[PDB]
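J.: I'd like to ask you about the structure that follows.
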Amino acid sequence: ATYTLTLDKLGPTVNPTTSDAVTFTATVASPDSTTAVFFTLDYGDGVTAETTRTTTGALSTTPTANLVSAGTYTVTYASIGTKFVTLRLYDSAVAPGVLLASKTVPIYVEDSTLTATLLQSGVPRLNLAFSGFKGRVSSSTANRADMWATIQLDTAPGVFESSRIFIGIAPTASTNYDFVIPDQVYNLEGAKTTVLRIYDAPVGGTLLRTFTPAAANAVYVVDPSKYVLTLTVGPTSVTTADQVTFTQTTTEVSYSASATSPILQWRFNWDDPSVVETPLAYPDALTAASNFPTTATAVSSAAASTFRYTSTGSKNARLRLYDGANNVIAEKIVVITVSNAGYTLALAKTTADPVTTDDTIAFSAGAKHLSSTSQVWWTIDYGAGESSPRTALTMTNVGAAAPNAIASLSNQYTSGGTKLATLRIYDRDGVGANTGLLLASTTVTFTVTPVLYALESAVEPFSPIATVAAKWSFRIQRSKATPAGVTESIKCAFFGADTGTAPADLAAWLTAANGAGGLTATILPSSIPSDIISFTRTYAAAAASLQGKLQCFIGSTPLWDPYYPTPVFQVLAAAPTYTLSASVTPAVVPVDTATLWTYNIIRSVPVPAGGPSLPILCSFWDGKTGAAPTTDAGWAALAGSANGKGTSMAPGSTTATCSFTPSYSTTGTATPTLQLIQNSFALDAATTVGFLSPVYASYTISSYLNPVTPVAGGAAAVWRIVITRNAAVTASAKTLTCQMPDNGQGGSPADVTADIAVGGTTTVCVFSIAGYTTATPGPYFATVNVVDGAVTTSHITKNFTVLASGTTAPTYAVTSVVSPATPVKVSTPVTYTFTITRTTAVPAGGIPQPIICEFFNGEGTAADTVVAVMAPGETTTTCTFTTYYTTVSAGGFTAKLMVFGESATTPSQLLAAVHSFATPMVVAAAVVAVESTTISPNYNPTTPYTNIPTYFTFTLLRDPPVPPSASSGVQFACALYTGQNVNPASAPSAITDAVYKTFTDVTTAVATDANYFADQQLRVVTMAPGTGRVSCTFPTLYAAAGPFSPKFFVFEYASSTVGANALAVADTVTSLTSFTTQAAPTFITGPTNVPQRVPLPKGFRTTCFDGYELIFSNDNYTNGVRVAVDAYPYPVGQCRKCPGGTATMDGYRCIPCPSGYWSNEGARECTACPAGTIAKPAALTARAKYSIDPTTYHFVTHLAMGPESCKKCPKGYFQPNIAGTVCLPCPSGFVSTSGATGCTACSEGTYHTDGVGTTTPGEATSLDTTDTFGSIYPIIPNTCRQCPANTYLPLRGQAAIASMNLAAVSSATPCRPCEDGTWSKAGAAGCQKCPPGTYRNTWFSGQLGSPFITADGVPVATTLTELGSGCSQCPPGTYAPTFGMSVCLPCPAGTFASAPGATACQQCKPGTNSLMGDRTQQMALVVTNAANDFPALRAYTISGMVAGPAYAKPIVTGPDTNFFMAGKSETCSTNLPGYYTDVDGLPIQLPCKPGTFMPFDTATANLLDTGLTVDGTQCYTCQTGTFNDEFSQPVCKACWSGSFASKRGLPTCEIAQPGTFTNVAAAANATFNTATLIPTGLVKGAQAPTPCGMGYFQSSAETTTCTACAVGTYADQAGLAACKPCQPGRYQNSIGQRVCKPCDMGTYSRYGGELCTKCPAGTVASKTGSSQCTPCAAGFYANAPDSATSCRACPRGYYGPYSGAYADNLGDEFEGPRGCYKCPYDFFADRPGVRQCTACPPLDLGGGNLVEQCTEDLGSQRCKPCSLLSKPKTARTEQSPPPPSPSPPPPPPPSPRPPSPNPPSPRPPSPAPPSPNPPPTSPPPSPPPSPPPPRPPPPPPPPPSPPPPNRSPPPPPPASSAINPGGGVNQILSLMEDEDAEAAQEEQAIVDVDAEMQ
């Protein structure tokens, strides 16, 4: 029923070939029943075999293997294609069978001749065709047709048939044909039975070939998504410096799908084009076509690589897996970042300051990176190329730290060319020519300026001579000193423009330098010397061209640049001309004196321009010692010494001058000589150009002797002589000889030698003499004779009074007086006055004594020098000193005084003792007080600012008076404690400076060091002498408002030690008042800041210029037209025109210029109006309300109406200054009209005054001053007026003195009065002398009339003065011919002046005399004034005769008060009786001589001779008969009766001669009758002598009348001196008879004879006129008694002997006594006169007898006889004899002897000796001296130096990040136009500045 039969094949899955005979299997199962059934098998074709039916394993449902154990069922198929195998069932094996069913199975058989192979490159890609599949077919047969192949995806029925795919034709040849197979797509991820059948026919046919993957080569696809990669190799921030490391050990790739899977190649690429891609390398322990190990094995064992990146950027390295050849299936990227921005280069310079080429600059360069430390190369470039090795640098240090290790480098620079220095960094060595790229660069550049060389050129001859001399001297100097250890040598030459041509290149110069013509010089090391080179050239001919070029180069660097001028010189080429002249000033040649010697060098042609000044050197011979350089070597040495000076000229001068001031020590004829040398340096010789022939001290000696007053017994006198020389001693030492000439006694004084070194002028000579104490006082002369060189016998003598004091030694007393008294302060000037007196003081002015006084403190001696002169009058010597005590003594000071006689260079003491001060000396206490306190930065003076540093200033003074200028300054310490403890030091414990004394020295401290601002501060200030003020300034800062304790102390620093407290009471500080402190305003003061470049929209100009002002307004207010108002809602900047009164500069304000100028409306500068203006009108101010337009700042005082601006100042004022701050009234005596530069002086004789009167007023009126200038300038007196007459103004320019206070002192006319003696009219410079006869006086003036011309006699004042000049006259009768004499003198007597105007007093005529008073008034009875009668008086005062004992000479008696005689203003008076005048000349007043009378008048003459006439001028002598023995008698007194005058002109009465008498009955003296006042009753005396009458005579003198002559005596003739007696014999008994009557006869008369006398006795006369009667002869008797007429003889009887006999006649007429005696009786005589009577002779009677006769009667002649009538008759008596005659009378007694002469009177005694003259009166004490004037105050010291700015105001802040507005932030042609506009604007502004500057 059910049969299941399946037929299969037991062969391989691949289809069997035709040569294997594959077997087949049969499977039978019959579940319905089990029964053996035969099976028949049929192959593809039944023609081969049929086989036989055989049994299986009993059929059954279970197969049994069969047909192969013992069965020959081989098919041995021969055909190729498909064969059908048929299985059938039959019940029995014997034919016929039973047909039930058949199974058909196809079997494919192919041929091995065709071979199909596949080649696989790798895994075919999904969704893309892969070329790795290649199919090759090989056929042995030559001929083939086309084949077609069908491909089935799977053997499952789901896959449907595909179309054929073509594989080829192979038309011929048995080659191998290749085709490309399109890939397969993997989707199911499982087993695929993809089968391809290849047919040789398009339709039907047989299975030619088969295709399957066919094992051992299967495609295996790995899905990339399963892959896992982890690399993490290589640094993430590797730069180019480091390296990238790639390690294959850490990189693993795993299949991760199976253990066995085909081998792939890993590949990695660095994707840089420098290094090619790495090739595939054989893996270790692995190969190609090698199975992967079944365990975890690394694809690489230890492979690792390193790489260096040569490029920068983000590298994206690649990883891939490749199969077989270069076939790629996967690509993966690894990002490695390469950055080069981390490299930084820093350059730091340390040394800097590059100078010239030395001091090579060394700086540090550092390369830093953020990370990736690696080796690098640094290079430097300096214009010579970088280092080829690029050095070597290693980043051993870390990259975060700034410092980098490096080697310091230095560079050498030359010239000024750019070296383009740069620094480069590289990551590559560069040896392999792998140059790097720029990373950091950086560099430092500088301009490096070149150096300068100094060149000087000169010409040795200055004139090129042809082949003789052509030398050029060149000096080269190099900048900077050459350092030690390096020597610089420069070689080159100089080419002159004489031969050849200048080089056209520097190569020629280099060749010349290297050639033998070049010269080499060496610079000294460690110094910079001057290179001096002398170049010698040869000149063919003389030329004026001498320029040249030199180029010295060190190797290759030129030294000269075209910018400086090329070297061109002329310097006196060709030597045109050169001439000299010499002069001296002064021309005198004294001894040791300064003289000027000048030399002028001139040329005929002016020096050409462009030539250097002549370098010639002029040397002058001084001639001090006559060391004249005669040789040329000496001249060269003198020129090269200091005595030679180089010469230079100023530009524009052809001429040159050389000057010298030689001195002549010794007198000589030598004169200075000039040498002029300019050849070359190192002078050796001298050259002369020419010369010009010069064609045409005092010693003072004083001496002195010590002691001045010698003292007996003292020391020997010392004579000291000082000699001073006017000339300084510098050449050599001097020797002086002090001598005193020999006087012949006292010894020869010895010479004294004085030696003087350099600089000495005074020589002192000392000698000793012992005997000069015994020298006679007197004016002694001493001399010194000095001979010193040229001067000979310089003899100097002197005189001095030398006296000896005796034994008294003079001494000096010194006392003191002090100006300040007690007490004294510090720095107080003082006056110490010392007075010295001498107790003797005898030589007050005899001999000066040199006195010098020195006052010393307690220095310890016992320029401020003191000069002391000894007073030549009184010996009071005063010394003035100033001690200037200013310091505390600190131990005591003493005062000493020394007085000396030596001029400085003391050896001898003069004061007996050193003076000690009587006044106690007190130590002055110093006082100091603070004067002011100031705070500089402060809002108010009490409060300063906090943050701003403050400088407190304390100003104070040291004592009220300034410390003296002649002193040394003091050092003061100002100490301040700030008060806080902000400094580290704590607050001091003591308020005093106990801590402050320990401060260190603060001399060198900077302000900005935080210790110059310490809390405790000590500062030192200095008081220079003469300064009384000091300010100490303290820097103090206040951090914040709070408490501070700043202590202030001021002390004195002495010897760097702190003194005592300046203030009284210690710990006294003048603390400032307490204050708070407030914040400082941040305000800056300065000019308006100019805005920077800001965008200005349309017209917002921020600068106005040229008289314009910046103004903020929206209006476009052009000019003054009011065009635009409210023209914008927004104001803008505008330029305003400014008003007329203000000028502006660089307009930002419109400030006005000062009052001295006026401006225009828009004036750039203010014009200066001429000096006449101040421009000050009255004020009118400005706008009332802000409604009107504003113009200027509000504070201006004027608006600008009025073209008036310049206001001229009025008259009386002058403005010399151009500015005119104010116009000033000009000084006294000067006037101006309008406004003048200066007033003119007033004219002579004129002064300032008003011009209200007179004319041409100079006053300024009202309109000019009051209206224009207001009341600021009042009217001023401005007229010049001349003073009225009698006054004058000699000095020009004088003005009237005006006093404002008029009540007390009035205004004064300045004109001088023209005082006594001169007169003036109007204004005169000098008042004139006025005509003769006139004078002016200051007491009284005028003329008084002659009192005697008026009846009253009262003087009359007269006003007669000529109108020409006008001086008061002198009174008539007085004259003033003297020039300068004040009071008129009278004329001396002898003249008269009646005329009021008379030059001189006129002489009176000889007939009159100049007597006061007229003759009428002299004897006038008139009484002009009866009450007083003083003017009228009787002044004759004549004398007369008076009766009585008393006598009166004056007629008028009284004291005399008016006797003035010189006064004579009257007419000539009548000549006086006692005076006469004939001739002009009379020396002395002669009254009329006694014996001369002049009658008062002709009619009044009492008696005058008729033979002459009266002239009224001659004094006629007395007439005869009158005498005058007294002067001034009008008439001559007549002689009295007792005298007479008969001879002519007998001057005194002559005694009346005897015998004559003179008596005149009419003889009366003249009587002056008062009733007629006339002399009357004068009668002339007798003219001739009248002799006396008869009988009158007088023999005695002084007889008025002759007495009558005595009776009996007669004077026969008249005029008889004596009355002779009557002649003898004559008598005169009656008087009045002229003849004496003769006596009668017989009578005799004797002399006299009053009566006749009768002759007695007998005597008889008998003669008429008989003198006497003589007796007759004897014997005669008289006739009668008493009457005898004739005697007769007696009678004869009588006789008598007596001659005289008389008889009484009494009887007989004969008797009588003594008569004739009677003869006796008897006797007779008879004869008269006989002898005795004789008797008669006797008779004789016859002769015989004699008888005597007797006479009878008496007298009888006859004799008769007697005896009758005889004698006896009567009585008769006789007579006695007569008595004898009496004796003669005795002689008279002897006469007395004559008296003896009296002794003579004693002789007059000698005069007593005269008394000596009294001594002169004592001289008065000396008058007081003159006071000195004071001194002016010093000028104020200059203001303190201005401090530099402590700190500038806060600067504007810089931008930090930005400054933009608008809500800030929350997180071709146009360029040319802009450039053109900017350049044009800048150049226009520059032009504007340029124009404004000038």
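Residue names in the structure tokens use chain letters A, B, ... in the order shown, residue numbers from 1 in each chain, and ligand numbers from 1 in the order shown.
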Tell me, as a PDB file with N, CA and C atoms, in the first residue's frame, which residues lie within 8 Å of stretch 574-589 of chain A, counting only C-alpha atoms; anything in the same chain fewer than 5 positions away does not count.

T.:
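Here's the written file selection-v4.pdb:
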ATOM      1  N   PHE A 462     103.258 129.443   6.256  1.00  0.00           N
ATOM      2  CA  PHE A 462     102.093 130.237   5.870  1.00  0.00           C
ATOM      3  C   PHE A 462     102.195 130.781   4.452  1.00  0.00           C
ATOM      4  N   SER A 463     103.241 130.418   3.720  1.00  0.00           N
ATOM      5  CA  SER A 463     103.454 130.909   2.359  1.00  0.00           C
ATOM      6  C   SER A 463     104.303 129.880   1.636  1.00  0.00           C
ATOM      7  N   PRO A 464     103.757 129.216   0.623  1.00  0.00           N
ATOM      8  CA  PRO A 464     104.533 128.192  -0.088  1.00  0.00           C
ATOM      9  C   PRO A 464     105.650 128.793  -0.925  1.00  0.00           C
ATOM     10  N   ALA A 542     105.259 129.328  -6.052  1.00  0.00           N
ATOM     11  CA  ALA A 542     104.404 129.895  -5.020  1.00  0.00           C
ATOM     12  C   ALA A 542     102.963 129.982  -5.506  1.00  0.00           C
ATOM     13  N   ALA A 543     102.033 129.568  -4.649  1.00  0.00           N
ATOM     14  CA  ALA A 543     100.617 129.574  -4.976  1.00  0.00           C
ATOM     15  C   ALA A 543      99.810 130.036  -3.772  1.00  0.00           C
ATOM     16  N   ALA A 544      98.643 130.618  -4.053  1.00  0.00           N
ATOM     17  CA  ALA A 544      97.720 131.028  -3.005  1.00  0.00           C
ATOM     18  C   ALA A 544      96.760 129.919  -2.597  1.00  0.00           C
ATOM     19  N   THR A 595     104.262 149.880  33.757  1.00  0.00           N
ATOM     20  CA  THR A 595     104.182 150.610  32.501  1.00  0.00           C
ATOM     21  C   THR A 595     103.595 149.701  31.432  1.00  0.00           C
ATOM     22  N   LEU A 596     102.926 150.307  30.457  1.00  0.00           N
ATOM     23  CA  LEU A 596     102.264 149.577  29.386  1.00  0.00           C
ATOM     24  C   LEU A 596     103.061 149.720  28.097  1.00  0.00           C
ATOM     25  N   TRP A 597     103.396 148.592  27.478  1.00  0.00           N
ATOM     26  CA  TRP A 597     104.081 148.565  26.195  1.00  0.00           C
ATOM     27  C   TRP A 597     103.197 147.843  25.191  1.00  0.00           C
ATOM     28  N   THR A 598     102.780 148.547  24.144  1.00  0.00           N
ATOM     29  CA  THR A 598     101.878 147.984  23.150  1.00  0.00           C
ATOM     30  C   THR A 598     102.560 147.951  21.789  1.00  0.00           C
ATOM     31  N   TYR A 599     102.204 146.948  20.992  1.00  0.00           N
ATOM     32  CA  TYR A 599     102.725 146.791  19.642  1.00  0.00           C
ATOM     33  C   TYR A 599     101.562 146.492  18.711  1.00  0.00           C
ATOM     34  N   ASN A 600     101.421 147.305  17.670  1.00  0.00           N
ATOM     35  CA  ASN A 600     100.363 147.157  16.683  1.00  0.00           C
ATOM     36  C   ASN A 600     100.948 146.585  15.399  1.00  0.00           C
ATOM     37  N   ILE A 601     100.425 145.439  14.974  1.00  0.00           N
ATOM     38  CA  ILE A 601     100.800 144.817  13.712  1.00  0.00           C
ATOM     39  C   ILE A 601      99.693 145.093  12.706  1.00  0.00           C
ATOM     40  N   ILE A 602     100.078 145.682  11.573  1.00  0.00           N
ATOM     41  CA  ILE A 602      99.163 146.207  10.572  1.00  0.00           C
ATOM     42  C   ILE A 602      99.576 145.669   9.208  1.00  0.00           C
ATOM     43  N   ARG A 603      98.624 145.685   8.278  1.00  0.00           N
ATOM     44  CA  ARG A 603      98.868 145.319   6.892  1.00  0.00           C
ATOM     45  C   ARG A 603      98.225 146.346   5.972  1.00  0.00           C
ATOM     46  N   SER A 604      98.861 146.555   4.816  1.00  0.00           N
ATOM     47  CA  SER A 604      98.338 147.513   3.847  1.00  0.00           C
ATOM     48  C   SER A 604      97.034 147.031   3.226  1.00  0.00           C
ATOM     49  N   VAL A 605      96.851 145.724   3.115  1.00  0.00           N
ATOM     50  CA  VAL A 605      95.650 145.124   2.539  1.00  0.00           C
ATOM     51  C   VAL A 605      94.845 144.499   3.672  1.00  0.00           C
ATOM     52  N   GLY A 690     111.432 142.511  12.449  1.00  0.00           N
ATOM     53  CA  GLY A 690     111.764 143.921  12.482  1.00  0.00           C
ATOM     54  C   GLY A 690     111.550 144.508  13.860  1.00  0.00           C
ATOM     55  N   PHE A 691     111.884 145.794  13.963  1.00  0.00           N
ATOM     56  CA  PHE A 691     111.742 146.549  15.199  1.00  0.00           C
ATOM     57  C   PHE A 691     111.704 148.034  14.871  1.00  0.00           C
ATOM     58  N   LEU A 692     111.327 148.830  15.868  1.00  0.00           N
ATOM     59  CA  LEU A 692     111.235 150.275  15.717  1.00  0.00           C
ATOM     60  C   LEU A 692     112.102 150.953  16.768  1.00  0.00           C
TER      61      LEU A 692
END

J.: Excluding residue A:53 and its own-chain neighbours fewer than 6 positions away, which residues fall within 9 Å of it when counting only C-alpha atoms? Please give them as a list in words.

T.: residues 38, 39, 40, 41 and 93 of chain A

J.: From the set A:1322, A:80, A:1438, A:238, which residue has the shortest atom-to-atom contact distance to residue A:111, counting only C-alpha atoms?

T.: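 Of A:1322, A:80, A:1438, A:238, the one nearest residue A:111, counting only C-alpha atoms, is A:80.
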
J.: From stretch 491-725 of chain A, collect each residue whose DSSP state is strand (DSSP E or B) and return the set as a PyMOL selection string.

T.: chain A and resi 491-492+494-496+519-523+531-536+548-550+579-585+594+596-602+617-620+644-646+656-660+663+674-677+699-706+711+717-725

J.: Mind checking which residues fall within 9 Å of residue A:945, counting only C-alpha atoms, ignoring those fewer than 4 positions away in the same chain, and posting them as a list in words?

T.: residues 937, 938, 939, 949, 950, 1037, 1038, 1077, 1078, 1079, 1080 and 1081 of chain A

J.: Find the residue from A:1511, A:161, A:460, A:1362 that sits nearest to residue A:1478; use only C-alpha atoms when measuring.

T.: A:1511

J.: So that I can see what lies close to residue A:1767, please list as a list in words the residues with an atom at most 10 Å from it, counting only C-alpha atoms and leaving out residues fewer than 4 positions away in the same chain.

T.: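 My list of contacting residues is residues 1721, 1722, 1751, 1752, 1753, 1754, 1762, 1763, 1771 and 1772 of chain A.
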
J.: I'd like the neighbourhood of residue A:323 as an MDAnalysis selection string, where a residue qualifies if any of its atoms comes within 12 Å (using only C-alpha atoms), though same-chain residues fewer than 6 positions away should be ignored.

T.: chainID A and resid 120:124 132 261:267 280 288:289 329:330

J.: Restricting it to N, CA and C atoms, dump the selection as a short mmCIF file (atom, residue, chain, number, x, y, z; two decimals), in the first residue's frame.

T.:
data_model
loop_
_atom_site.label_atom_id
_atom_site.label_comp_id
_atom_site.auth_asym_id
_atom_site.auth_seq_id
_atom_site.Cartn_x
_atom_site.Cartn_y
_atom_site.Cartn_z
N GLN A 120 41.28 35.00 -4.66
CA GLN A 120 40.65 35.92 -3.73
C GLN A 120 41.72 36.83 -3.14
N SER A 121 41.56 38.14 -3.33
CA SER A 121 42.46 39.09 -2.68
C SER A 121 42.15 39.22 -1.20
N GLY A 122 40.87 39.24 -0.85
CA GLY A 122 40.46 39.36 0.53
C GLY A 122 38.98 39.13 0.70
N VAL A 123 38.39 39.89 1.62
CA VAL A 123 36.96 39.83 1.90
C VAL A 123 36.25 40.84 1.01
N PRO A 124 35.33 40.43 0.15
CA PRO A 124 34.58 41.40 -0.66
C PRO A 124 33.73 42.32 0.20
N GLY A 132 38.68 41.64 -5.96
CA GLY A 132 39.50 40.56 -5.45
C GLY A 132 39.09 39.18 -5.88
N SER A 261 40.93 32.66 11.77
CA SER A 261 40.33 33.66 10.89
C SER A 261 41.49 34.35 10.18
N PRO A 262 41.36 34.67 8.90
CA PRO A 262 42.56 34.92 8.10
C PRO A 262 43.32 36.17 8.52
N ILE A 263 44.63 36.12 8.31
CA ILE A 263 45.57 37.06 8.90
C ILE A 263 45.48 38.39 8.17
N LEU A 264 45.42 39.48 8.94
CA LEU A 264 45.42 40.83 8.41
C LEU A 264 46.68 41.55 8.86
N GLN A 265 46.99 42.64 8.17
CA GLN A 265 48.16 43.46 8.47
C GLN A 265 47.71 44.76 9.12
N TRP A 266 48.28 45.06 10.28
CA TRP A 266 48.08 46.35 10.93
C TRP A 266 48.94 47.39 10.24
N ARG A 267 48.39 48.59 10.05
CA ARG A 267 49.16 49.68 9.46
C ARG A 267 48.85 50.98 10.18
N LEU A 280 54.86 47.73 5.65
CA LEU A 280 54.48 46.55 6.41
C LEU A 280 55.71 45.70 6.72
N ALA A 288 52.76 35.72 6.69
CA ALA A 288 51.58 35.82 5.86
C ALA A 288 50.94 34.44 5.69
N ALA A 289 49.62 34.44 5.52
CA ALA A 289 48.83 33.22 5.42
C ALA A 289 49.06 32.32 6.64
N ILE A 329 40.10 47.97 4.28
CA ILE A 329 38.73 47.74 4.69
C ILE A 329 38.31 48.61 5.87
N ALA A 330 39.23 49.05 6.72
CA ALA A 330 38.90 49.82 7.91
C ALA A 330 39.82 51.04 7.98
#

J.: So that I can see what lies close to residue A:243, please list as a PDB file with C-alpha atoms, in the first residue's frame the residues with an atom at most 12 Å from it, counting only C-alpha atoms and leaving out residues fewer than 6 positions away in the same chain.

T.:
ATOM      1  CA  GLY A 234      51.253  59.325  22.211  1.00  0.00           C
ATOM      2  CA  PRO A 235      51.266  62.541  24.223  1.00  0.00           C
ATOM      3  CA  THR A 236      48.196  64.681  23.616  1.00  0.00           C
ATOM      4  CA  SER A 237      50.045  68.023  23.574  1.00  0.00           C
ATOM      5  CA  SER A 305      58.950  53.878  17.468  1.00  0.00           C
ATOM      6  CA  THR A 306      59.805  57.531  18.044  1.00  0.00           C
ATOM      7  CA  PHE A 307      59.083  60.376  15.629  1.00  0.00           C
ATOM      8  CA  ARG A 308      59.978  64.052  15.237  1.00  0.00           C
ATOM      9  CA  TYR A 309      57.312  66.357  13.788  1.00  0.00           C
ATOM     10  CA  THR A 310      58.552  68.848  11.185  1.00  0.00           C
ATOM     11  CA  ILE A 336      47.540  64.242  17.998  1.00  0.00           C
ATOM     12  CA  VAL A 338      50.946  69.892  17.514  1.00  0.00           C
ATOM     13  CA  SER A 372      57.132  69.852  26.516  1.00  0.00           C
ATOM     14  CA  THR A 373      60.689  70.383  27.695  1.00  0.00           C
ATOM     15  CA  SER A 374      63.175  69.476  24.966  1.00  0.00           C
ATOM     16  CA  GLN A 375      66.453  70.598  23.442  1.00  0.00           C
ATOM     17  CA  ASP A 427      63.628  73.129  17.324  1.00  0.00           C
ATOM     18  CA  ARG A 428      66.049  71.663  14.759  1.00  0.00           C
TER      19      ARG A 428
END

J.: In Å, with one decimal, what is the gap from atom CA of residue A:1600 to atom CA of residue A:1630?

T.: 25.8 Å
